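Order of the sequence lines fixes the chain letters, A, B, ..., with proteins taken first and strands second; residue numbering starts at 1 for each chain.
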Amino acid sequence: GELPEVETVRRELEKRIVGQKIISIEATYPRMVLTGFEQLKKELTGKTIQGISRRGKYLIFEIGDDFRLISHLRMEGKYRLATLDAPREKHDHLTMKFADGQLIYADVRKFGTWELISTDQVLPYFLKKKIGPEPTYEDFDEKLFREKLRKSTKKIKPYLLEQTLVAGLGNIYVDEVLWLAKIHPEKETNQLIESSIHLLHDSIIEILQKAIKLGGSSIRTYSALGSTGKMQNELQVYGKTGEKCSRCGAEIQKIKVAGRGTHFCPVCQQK
DNA sequence: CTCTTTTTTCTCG
DNA sequence: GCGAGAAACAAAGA
Ligand SMILES: [Zn+2]
């Protein structure tokens with residue numbers, strides 16, 4: 001999922017597993033643990049979960065005083081808290097067993113990843129990933145944002161998806177943000193004027209914070225953490241091909257931009 | 001049966 | 001370094 005969905009899962013996990021001692025850890029797909037499954041199992045078994053943080057679309061389990069399990073859900077990763085006797089589901093890959101339940105990770109496409117690193121390696125880890133600022137008024141500086149946009153010829157949608165200008169936007173929210181800011185996805189960033197960049201900046205923050213408040217977008221659902229989201233009922237363009245724009249009434253169109261499905265209003269978002 | 005569609009990171013030119 | 005295309009992988013629809 002995107003930042004809102006990951007934050008939703010983070011909040012649920014924080015509320016339910018913090019303080020839990022990991023009894024055992026099993027894997028049917030050990031290869032998704034990029035730092036080595038057996039090594040992770042040896043290091044984390046018997047340890048207690050102290051907290052759950054997030055950076056961009058990355059989940060950060062704080063286990064023991066020196067361990068950090070970095071988890072990325074990628075396209076389809078899903079977590080669920082189940083009973084110890086819960087039957088296995090086809091795409092379940094890993095499980096963290098507690099005394100009165102277990103945290104199961106499932107991922108149909110097997111894109112999701114787990115990486116075990118030390119507490120002091122977290123900041124360097126994200127610096128290496130070149131992740132941009134969190135989408136908040138406090139961390140997302142419009143001035144630097146503007147300067148980077150002015151220096152580039154990249155198209156705005158692909159550039160925003162890079163996670164370098166700001167962290168957290170995925171295909172759904174980048175489409176929603178550009179529609180809200182009335183900017184065409186193929187617009188070269190150096191062509192954006194100051195007022196448009198200002199609207200874009202605030203729209204990125206507003207859309208994501210709203211999505212977080214509503215528990216993310218669940219255009220699917222299911223017995224999993226963060227599956228009761230209501231943001232999907234607020235989407236203005238994503239997956240609305242053929243429907244009418246809520247502002248002007250023109251039909252929402254869908255095109256391909258840098259290989260990604262792209263939804264936009266041809267009237268509100270002039271090319 | 002073929003082709004298309006649905007986050008991150010690499011190859012190629 | 002950059003843009004285009006694709007891979008990792010599974011499933012469902014045209
Ligand atoms: Zn419109």
Side-chain angles (χ1 to χ4, degrees), chain A residues 1-10 27-35 37 54-60 70-79 88-94 104-115 117 125-132 134-135 148-177 185-191 204 208 211 216-219 224 226-227 229 231-232 235 237-242 252-264:
Chain A
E2 296 169 54
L3 187 150
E5 293 69 40
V6 178
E7 173 62 18
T8 296
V9 169
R10 185 203 75 73
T28 49
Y29 191 59
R31 286 160 57 190
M32 67 164 281
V33 179
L34 307 187
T35 49
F37 175 69
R54 177 190 57 63
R55 179 69 173 100
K57 298 170 194 171
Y58 294 76
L59 273 179
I60 306 170
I70 298 187
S71 162
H72 201 293
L73 313 178
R74 290 296 186 104
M75 296 291 283
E76 314 249 55
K78 299 172 185 176
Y79 278 106
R88 163 172 178 54
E89 278 177 26
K90 189 174 184 181
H91 302 297
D92 292 346
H93 303 307
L94 308 167
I104 300 173
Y105 180 73
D107 190 333
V108 175
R109 305 183 69 185
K110 291 181 172 68
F111 290 173
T113 62
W114 266 26
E115 281 167 296
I117 66 174
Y125 175 94
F126 289 111
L127 286 175
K128 186 176 181 177
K129 296 293 184 187
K130 294 182 179 175
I131 305 302
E134 287 296 314
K148 288 189 177 182
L149 294 174
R150 288 180 171 174
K151 287 188 167 186
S152 179
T153 53
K154 292 179 181 177
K155 298 175 180 176
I156 187 64
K157 169 158 177 175
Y159 203 175
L160 285 172
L161 286 176
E162 280 183 29
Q163 303 301 291
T164 58
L165 295 169
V166 60
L169 298 167
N171 209 43
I172 297 180
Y173 300 114
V174 72
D175 275 5
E176 292 296 314
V177 163
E186 297 178 305
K187 178 62 54 50
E188 291 190 355
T189 71
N190 60 39
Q191 281 177 42
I204 289 171
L208 295 178
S217 294
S218 304
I219 308 180
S227 61
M231 185 63 184
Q232 65 292 328
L235 302 178
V237 293
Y238 184 81
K240 304 299 183 182
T241 308
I252 296 304
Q253 302 292 332
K254 176 177 181 181
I255 60 173
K256 261 191 173 300
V257 175
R260 303 302 294 282
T262 306
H263 313 70
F264 74 103

If you look at every strand shown and take non-hydrogen atoms under 4.0 Å, does [X] touch a base, only sugar-phosphate, or nothing?
X        : answer
A:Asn171 : sugar-phosphate
A:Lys130 : nothing
A:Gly112 : nothing

Can any side-chain N or O of [X] pair as donor or acceptor with the backbone N or O of [Y] at less than 3.5 Å?
X        : Y        : result
A:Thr35  : A:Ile117 : no
A:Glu115 : A:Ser71  : no
A:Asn171 : A:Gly261 : yes

Just N and O in the side chain of [X]: are any of them under 4.0 Å from OP1 or OP2 of [N]?
X        : N      : result
A:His72  : B:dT8  : yes
A:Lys256 : B:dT4  : no
A:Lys57  : B:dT8  : yes
A:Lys254 : B:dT6  : yes
A:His91  : C:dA11 : yes
A:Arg260 : B:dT8  : no

Rounded to whole angstroms, how far apart are [atom1] on [X] and [atom2] on [N]?
X        : N      : atom1 : atom2 : value
A:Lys110 : B:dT8  : NZ    : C1'   : 18 Å
A:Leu34  : B:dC10 : CG    : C1'   : 15 Å
A:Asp107 : B:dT8  : CG    : P     : 13 Å
A:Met75  : C:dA11 : CE    : P     : 15 Å
A:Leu73  : C:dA8  : CG    : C1'   : 16 Å
A:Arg109 : C:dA11 : CZ    : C1'   : 9 Å
A:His93  : C:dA8  : NE2   : P     : 16 Å
A:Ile219 : C:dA12 : CD1   : P     : 18 Å

Interatomic distance at P, B:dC3 relative to C:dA6, whole Å: 12 Å

message: If I pick the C1' atom on B:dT4 and the same atom on C:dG5, what distance separates them, to the nearest angstrom?
response: 15 Å

field: Nucleotide of C:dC9, B:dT9, B:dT6 approaching A:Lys129 most closely (side-chain heavy atoms)
entry: B:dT9

task: Nearest-nucleotide wise, let me know which of A:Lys90 and A:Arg74 is further upstream toward the 5' end of DNA chain C.
output: A:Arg74

- prompt: Got a salt bridge between A:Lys110 and A:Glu76, using NZ or NE/NH1/NH2 to carboxylate O under 4.0 Å?
  reply: no

field: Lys/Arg N to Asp/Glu carboxylate O, A:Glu162 vs A:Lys130, below 4.0 Å
entry: no

field: Contacts of A:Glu186 that satisfy side-chain contact (heavy atoms from CB on, under 4.5 Å) - sequence neighbours left out
entry: A:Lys155, A:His184, A:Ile255, A:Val257, A:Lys271

